[PDB]
Amino acid sequence: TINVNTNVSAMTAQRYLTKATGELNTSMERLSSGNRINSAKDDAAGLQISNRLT
Amino acid sequence: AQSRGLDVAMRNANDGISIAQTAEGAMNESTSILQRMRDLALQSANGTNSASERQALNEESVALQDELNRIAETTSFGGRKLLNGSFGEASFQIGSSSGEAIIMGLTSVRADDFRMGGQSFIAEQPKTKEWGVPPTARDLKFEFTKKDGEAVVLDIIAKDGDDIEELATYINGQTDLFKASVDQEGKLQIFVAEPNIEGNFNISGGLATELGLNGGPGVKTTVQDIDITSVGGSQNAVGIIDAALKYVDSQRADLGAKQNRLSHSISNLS
Amino acid sequence: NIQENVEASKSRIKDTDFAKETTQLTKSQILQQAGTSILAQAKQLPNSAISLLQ
Amino acid sequence: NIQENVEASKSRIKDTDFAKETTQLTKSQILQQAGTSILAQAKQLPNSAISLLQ
Amino acid sequence: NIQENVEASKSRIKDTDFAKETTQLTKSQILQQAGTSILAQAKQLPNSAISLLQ
């Protein structure tokens, strides 16, 4: 309690900020490109079927 | 010590994410190139192209193939070639302790790869438009073994009184493992993608004898073995690029699965 | 006609519905700002209480 | 596309994450202040005790 | 419609109510400051009294 060498709350805040930033970047990419699935990570089966349909 | 190990594991997982993303981008470009080549092959099949514009389309296809070779050879994550087959099955540490890892695999994308296409069989006896399938012999039985090991047999019955082209369309419609077609002289070209065949393709049925079909080991053709100066070339090219697109999409799906597993693992490690 | 239907399906699977994704982007921006605000309040006071303790 | 991916990885390996480093900076600042306070407390008491005894 | 209702219910259960939690955060900061002040006052007075007696 009232520690110095470790700040667990700051670590959790950093983790959640990183998650928010990652989601923000993904959303920004999806907005700019105009496609929801730009890389296989977004969706595997979705990407496959979309490529076949295109 | 566990915290330091987790730092190392997170760094390694991030490096793997970056390599996966680079390979995914290169594969995306390759599949776009393949789609364009499919469009060109379909265009050349048109029967209004005399000879010269066929040569122009063939030149375009050759340029696209050279681009495919260039992208396969060049993609590198700082000196680490990704799609030339050098990557192999690498390993990435994924945790604090020694023993947890994910084997990252990147199969080559060269146009000479054997997964970039498959086997082709060409009918020996050409048939012109006047000819139709005889009502006497209509059964057409295929027997082969897929790469996964599950043997397959088909017993396609050809509707009587259809010309060779309609027979090709019917055979295409009946099953997906095939891509039948007809060349300039009307010889049926049966194409089987590489993952869809492993062994001797054997044929039977009276119709096969009538058409002169001879199922055998087959002519091995990948994307690099594409020439679109002839109608049959265009059709078997459509089939070849379809199989190649399937292979590329499978590879991209595998890379996406690896990326998702890496993301989940890094979140867990954090 | 078949191309019309195929294009509609491809857009459904691939195209990003701008409303949902812009809502998601605004939510992610809010989350990032909140995380930064908490981190600013977490990196300073919990660590700085000790100097007051001395 | 390759340049975008390479720049992302280069930033991740090289470019600093300001949240972590700002937290580290604040922690180091507080540690320095605590060290100065402890040094001030520890310089005067021991030397002064013996002089008091005399 | 079902997804909208389920999302509303999940928000009621899981999602934090920012007003309540921000008020709680401010109250907790206040309580920590009061505790530190009281601890500082208690650290030196009761013990220093005995030394003053000498």
# chains A, B, ... in the order shown; residues from 1 in each chain; ligands from 1
$ residues_around --residues "range 80-82 of chain B" --least-positions-apart "5" --cutoff "7 Å" --atoms "only C-alpha atoms" --output "number ranges by chain"
B: 23, 74-75, 87, 106
$ interface_residues --of "chain C" --to "chain D" --cutoff "9 Å" --atoms "only C-alpha atoms" --output "PyMOL selection string"
chain C and resi 36+39-40+42-44+47-48+50-51+54
$ write_last_selection --atoms "N, CA and C atoms" --output "mmCIF file, in the first residue's frame"
data_model
loop_
_atom_site.group_PDB
_atom_site.id
_atom_site.type_symbol
_atom_site.label_atom_id
_atom_site.label_comp_id
_atom_site.auth_asym_id
_atom_site.auth_seq_id
_atom_site.Cartn_x
_atom_site.Cartn_y
_atom_site.Cartn_z
ATOM 1 N N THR C 36 -6.462 7.829 -20.654
ATOM 2 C CA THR C 36 -5.409 8.810 -20.423
ATOM 3 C C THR C 36 -5.683 9.616 -19.161
ATOM 4 N N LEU C 39 -4.893 7.448 -16.208
ATOM 5 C CA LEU C 39 -3.458 7.223 -16.084
ATOM 6 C C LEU C 39 -2.762 8.452 -15.518
ATOM 7 N N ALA C 40 -3.180 9.645 -15.941
ATOM 8 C CA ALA C 40 -2.604 10.860 -15.378
ATOM 9 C C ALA C 40 -2.857 10.937 -13.878
ATOM 10 N N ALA C 42 -3.270 8.290 -11.994
ATOM 11 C CA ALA C 42 -2.737 7.085 -11.374
ATOM 12 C C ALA C 42 -1.220 7.069 -11.304
ATOM 13 N N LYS C 43 -0.542 7.767 -12.214
ATOM 14 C CA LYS C 43 0.913 7.776 -12.242
ATOM 15 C C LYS C 43 1.517 8.780 -11.274
ATOM 16 N N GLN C 44 0.722 9.710 -10.746
ATOM 17 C CA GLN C 44 1.243 10.805 -9.941
ATOM 18 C C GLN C 44 0.844 10.692 -8.475
ATOM 19 N N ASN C 47 1.971 7.391 -6.438
ATOM 20 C CA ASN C 47 3.412 7.419 -6.237
ATOM 21 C C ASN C 47 3.842 8.597 -5.376
ATOM 22 N N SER C 48 3.102 9.703 -5.411
ATOM 23 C CA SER C 48 3.513 10.925 -4.734
ATOM 24 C C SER C 48 3.016 11.014 -3.299
ATOM 25 N N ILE C 50 3.867 9.172 -0.907
ATOM 26 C CA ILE C 50 4.934 8.819 0.027
ATOM 27 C C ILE C 50 5.662 10.069 0.500
ATOM 28 N N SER C 51 5.999 10.963 -0.431
ATOM 29 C CA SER C 51 6.722 12.171 -0.054
ATOM 30 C C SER C 51 5.946 12.960 0.990
ATOM 31 N N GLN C 54 6.501 11.494 4.240
ATOM 32 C CA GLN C 54 7.782 11.877 4.826
ATOM 33 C C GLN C 54 7.886 13.392 4.956
#
$ residues_around --residues "residue 22 in chain A" --least-positions-apart "4" --cutoff "12 Å" --atoms "only C-alpha atoms" --output "ChimeraX atom specification"
/A:15-18,26-29 /B:263,267 /C:25,28-29,31-32
$ interface_residues --of "chain A" --to "chain D" --cutoff "8 Å" --atoms "only C-alpha atoms" --output "number ranges by chain"
A: 4-5, 10, 14
$ residues_around --residues "range 155-157 of chain B" --least-positions-apart "5" --cutoff "8 Å" --atoms "only C-alpha atoms" --output "MDAnalysis selection string"
chainID B and resid 138:142 171 174
$ residues_around --residues "residue 108 in chain B" --least-positions-apart "6" --cutoff "10 Å" --atoms "only C-alpha atoms" --output "list in words"
residues 72, 73, 81, 82, 83, 84, 85, 86, 87, 88, 114, 115, 116 and 251 of chain B
$ write_last_selection --atoms "N, CA and C atoms" --output "PDB file, in the first residue's frame"
ATOM      1  N   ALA B  72       6.989 -12.708 -55.269  1.00  0.00           N
ATOM      2  CA  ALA B  72       7.358 -13.889 -54.499  1.00  0.00           C
ATOM      3  C   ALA B  72       8.812 -13.819 -54.050  1.00  0.00           C
ATOM      4  N   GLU B  73       9.704 -13.373 -54.936  1.00  0.00           N
ATOM      5  CA  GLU B  73      11.128 -13.364 -54.619  1.00  0.00           C
ATOM      6  C   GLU B  73      11.523 -12.221 -53.693  1.00  0.00           C
ATOM      7  N   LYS B  81      13.499 -13.218 -46.413  1.00  0.00           N
ATOM      8  CA  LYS B  81      12.543 -13.538 -47.463  1.00  0.00           C
ATOM      9  C   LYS B  81      11.375 -14.321 -46.879  1.00  0.00           C
ATOM     10  N   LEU B  82      10.161 -13.946 -47.275  1.00  0.00           N
ATOM     11  CA  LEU B  82       8.944 -14.475 -46.670  1.00  0.00           C
ATOM     12  C   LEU B  82       8.199 -15.465 -47.549  1.00  0.00           C
ATOM     13  N   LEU B  83       8.220 -15.287 -48.870  1.00  0.00           N
ATOM     14  CA  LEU B  83       7.397 -16.085 -49.771  1.00  0.00           C
ATOM     15  C   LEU B  83       8.209 -16.883 -50.784  1.00  0.00           C
ATOM     16  N   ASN B  84       9.528 -16.965 -50.623  1.00  0.00           N
ATOM     17  CA  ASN B  84      10.369 -17.729 -51.532  1.00  0.00           C
ATOM     18  C   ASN B  84      10.673 -19.126 -51.009  1.00  0.00           C
ATOM     19  N   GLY B  85       9.964 -19.577 -49.977  1.00  0.00           N
ATOM     20  CA  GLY B  85      10.188 -20.889 -49.411  1.00  0.00           C
ATOM     21  C   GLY B  85      11.308 -20.966 -48.399  1.00  0.00           C
ATOM     22  N   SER B  86      12.025 -19.868 -48.160  1.00  0.00           N
ATOM     23  CA  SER B  86      13.096 -19.877 -47.171  1.00  0.00           C
ATOM     24  C   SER B  86      12.557 -19.853 -45.748  1.00  0.00           C
ATOM     25  N   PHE B  87      11.365 -19.289 -45.544  1.00  0.00           N
ATOM     26  CA  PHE B  87      10.835 -19.160 -44.192  1.00  0.00           C
ATOM     27  C   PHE B  87      10.650 -20.523 -43.539  1.00  0.00           C
ATOM     28  N   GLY B  88      10.118 -21.489 -44.280  1.00  0.00           N
ATOM     29  CA  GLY B  88       9.893 -22.795 -43.700  1.00  0.00           C
ATOM     30  C   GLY B  88       8.899 -22.722 -42.557  1.00  0.00           C
ATOM     31  N   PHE B 114       3.968 -26.188 -56.793  1.00  0.00           N
ATOM     32  CA  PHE B 114       3.056 -27.236 -57.235  1.00  0.00           C
ATOM     33  C   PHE B 114       1.649 -27.045 -56.690  1.00  0.00           C
ATOM     34  N   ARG B 115       1.486 -26.266 -55.624  1.00  0.00           N
ATOM     35  CA  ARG B 115       0.156 -25.913 -55.149  1.00  0.00           C
ATOM     36  C   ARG B 115      -0.470 -24.801 -55.977  1.00  0.00           C
ATOM     37  N   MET B 116       0.315 -24.148 -56.829  1.00  0.00           N
ATOM     38  CA  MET B 116      -0.144 -23.061 -57.691  1.00  0.00           C
ATOM     39  C   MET B 116      -0.750 -23.600 -58.986  1.00  0.00           C
ATOM     40  N   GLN B 251      -3.949 -19.900 -47.633  1.00  0.00           N
ATOM     41  CA  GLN B 251      -2.757 -19.415 -46.945  1.00  0.00           C
ATOM     42  C   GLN B 251      -3.050 -18.139 -46.165  1.00  0.00           C
TER      43      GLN B 251
END
$ residues_around --residues "residue 2 in chain D" --least-positions-apart "4" --cutoff "10 Å" --atoms "only C-alpha atoms" --output "PyMOL selection string"
(chain B and resi 21-26+75-77) or (chain D and resi 6-8)
$ atom_distance --atom1 "CA of residue 203 in chain B" --atom2 "CA of residue 215 in chain B"
5.1 Å
$ atom_distance --atom1 "CA of residue 36 in chain A" --atom2 "CA of residue 15 in chain C"
5.4 Å
